[PDB]
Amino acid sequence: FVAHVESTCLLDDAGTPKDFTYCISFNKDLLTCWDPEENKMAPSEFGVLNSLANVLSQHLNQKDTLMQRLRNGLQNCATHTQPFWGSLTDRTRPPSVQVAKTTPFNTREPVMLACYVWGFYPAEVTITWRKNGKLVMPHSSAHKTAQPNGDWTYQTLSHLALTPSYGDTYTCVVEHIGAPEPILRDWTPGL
């Protein structure tokens, strides 16, 4: 079995707790969560494990070292999240970006460019294409979100299908917080 004693604090860039939970689960089933309104553990599960949920709730409801530790939930978060906070809050690594051809897929178009975007943090990012300065819609749709590398960096990509003409120059336009100016990358039909 797997038991869970899970507390989450919903903080702010400033460092101000805007919410707070403390929850107990067992076997992936959520049993009882703290209620900061009535200052007690209230059963969340009303299925088979409900009876158990009342028993855990009441064992915890009689502990002073606990019922007040969570009555001051909000202010307690800020206290723990203060030395490293602010530090992580403005942690950014700018995104490095490249544009190359890739194997066309899902298109009649003879050429597919891929705009690679990597090493960035935070995860949020915006990619756009321009054909000779003027914007244009991408092959990409359906809400792509950055992949976490699991080491406080993220990566993503975007494609643009096209029919190459001689003068034409195509541009990858990446917008991340890690860079003051929008990153540009170019590509022209060669050979």
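Note that residue numbering follows the sequence shown and begins at 1.
- Annotation for 121-129 versus 66-74: the higher mean temperature factor (C-alpha) is found in 66-74.
- Looking at 49-57 and 153-161 together, the entry lists the larger mean B-factor for 49-57, computed on C-alpha atoms.
- In the PDB entry, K134 places in the middle third of its chain by CA B-factor.
- When the modelled residues of the chain are ordered by their C-alpha B factor, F105 lands in the lowest third.
- Among all modelled residues in this chain, the alpha-carbon of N39 has a temperature factor (C-alpha) in the highest third.
- Per-chain ranking of the deposited C-alpha B factor places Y116 in the lowest third.
- Residue-level temperature factors show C9 in the highest third of its chain, judged at the C-alpha atom.
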